[PDB]
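Novice: Here it is, the structure in full.
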Amino acid sequence: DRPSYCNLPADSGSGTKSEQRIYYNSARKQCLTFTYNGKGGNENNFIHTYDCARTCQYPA
């Protein structure tokens with residue numbers, strides 16, 4: 001089943017070190033880029049596209 005946090009919106013969090021991360025967009029069923037400020041945010045926040053795809057897009 002899909003973890004519920006996969007359905008949270010992208011959350012850029014706080015901080016000054018901007019960094020690209022990947023999030024699952026539940027409406028589009030796609031793993032997309034977003035800008036993460038380095039701190040805070042939520043669990044729908046992945047280092048690599050494959051992480052998002054295996055965890056949220058095509059979950060075990």
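In the structure tokens, chains take letters A, B, ... by order of appearance, with residues numbered from 1 within each chain and ligands from 1 in the order shown.
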Write out as a short mmCIF file (atom, residue, chain, number, x, y, z; two decimals) with N, CA and C atoms, in the first residue's frame all residues of chain A that backbone DSSP assigns to alpha helix (DSSP H).
Specialist:
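To be explicit, this is the file written out as part_38.cif:
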data_model
loop_
_atom_site.label_atom_id
_atom_site.label_comp_id
_atom_site.auth_asym_id
_atom_site.auth_seq_id
_atom_site.Cartn_x
_atom_site.Cartn_y
_atom_site.Cartn_z
N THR A 49 15.22 10.25 -7.69
CA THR A 49 13.94 9.89 -8.31
C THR A 49 13.57 8.43 -8.04
N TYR A 50 14.56 7.51 -8.07
CA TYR A 50 14.25 6.10 -7.86
C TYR A 50 13.66 5.86 -6.46
N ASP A 51 14.15 6.60 -5.45
CA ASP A 51 13.60 6.50 -4.10
C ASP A 51 12.11 6.81 -4.12
N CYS A 52 11.74 7.95 -4.70
CA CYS A 52 10.34 8.32 -4.78
C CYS A 52 9.54 7.27 -5.54
#
Novice: Name all residues at most 7 Å from region 31-47 of chain A (count only C-alpha atoms; drop same-chain ones fewer than 6 positions away) and give them as a list in words.
Specialist: residues 5, 6, 8, 10, 11, 12, 13, 14, 15, 16, 17, 18, 19, 20, 21, 22, 23, 24, 25 and 53 of chain A
Novice: Residues of chain A in strand (DSSP E) according to DSSP, as JSON, numbers by chain?
Specialist: {"A": [19, 20, 21, 22, 23, 24, 25, 30, 31, 32, 33, 34, 35, 36]}
Novice: Restricting it to N, CA, C and O atoms, dump the selection as a short mmCIF file (atom, residue, chain, number, x, y, z; two decimals), in the first residue's frame.
Specialist:
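What follows is the written file out-v3.cif:
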data_model
loop_
_atom_site.label_atom_id
_atom_site.label_comp_id
_atom_site.auth_asym_id
_atom_site.auth_seq_id
_atom_site.Cartn_x
_atom_site.Cartn_y
_atom_site.Cartn_z
N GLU A 19 18.43 23.16 -2.36
CA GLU A 19 18.88 21.83 -2.75
C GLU A 19 17.71 21.16 -3.44
O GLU A 19 16.60 21.17 -2.90
N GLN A 20 17.94 20.58 -4.61
CA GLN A 20 16.85 19.90 -5.30
C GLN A 20 16.54 18.59 -4.60
O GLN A 20 17.45 17.82 -4.28
N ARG A 21 15.25 18.33 -4.37
CA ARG A 21 14.77 17.05 -3.87
C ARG A 21 13.64 16.59 -4.78
O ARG A 21 13.20 17.31 -5.67
N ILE A 22 13.17 15.36 -4.55
CA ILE A 22 12.09 14.77 -5.32
C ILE A 22 10.90 14.54 -4.40
O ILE A 22 11.08 14.12 -3.25
N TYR A 23 9.69 14.81 -4.90
CA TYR A 23 8.49 14.50 -4.14
C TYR A 23 7.50 13.78 -5.04
O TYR A 23 7.53 13.92 -6.27
N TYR A 24 6.63 12.99 -4.42
CA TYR A 24 5.54 12.33 -5.13
C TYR A 24 4.34 13.28 -5.21
O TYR A 24 3.82 13.72 -4.18
N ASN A 25 3.92 13.59 -6.44
CA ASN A 25 2.73 14.39 -6.69
C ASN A 25 1.56 13.42 -6.87
O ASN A 25 1.46 12.77 -7.91
N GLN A 30 3.23 11.20 -10.26
CA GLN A 30 4.57 11.36 -10.81
C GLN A 30 5.49 11.85 -9.72
O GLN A 30 5.06 12.54 -8.79
N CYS A 31 6.77 11.50 -9.84
CA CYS A 31 7.81 11.99 -8.96
C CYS A 31 8.49 13.20 -9.61
O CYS A 31 9.08 13.07 -10.69
N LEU A 32 8.40 14.36 -8.96
CA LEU A 32 8.79 15.62 -9.57
C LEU A 32 9.80 16.36 -8.70
O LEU A 32 9.88 16.14 -7.49
N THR A 33 10.54 17.28 -9.31
CA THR A 33 11.53 18.03 -8.57
C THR A 33 10.88 19.15 -7.78
O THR A 33 9.81 19.66 -8.14
N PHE A 34 11.51 19.51 -6.66
CA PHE A 34 11.15 20.71 -5.92
C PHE A 34 12.39 21.23 -5.21
O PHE A 34 13.40 20.53 -5.09
N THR A 35 12.33 22.49 -4.77
CA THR A 35 13.45 23.12 -4.08
C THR A 35 13.24 22.97 -2.58
O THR A 35 12.19 23.36 -2.05
N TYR A 36 14.22 22.40 -1.90
CA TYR A 36 14.17 22.19 -0.46
C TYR A 36 15.20 23.09 0.20
O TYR A 36 16.38 23.09 -0.19
#
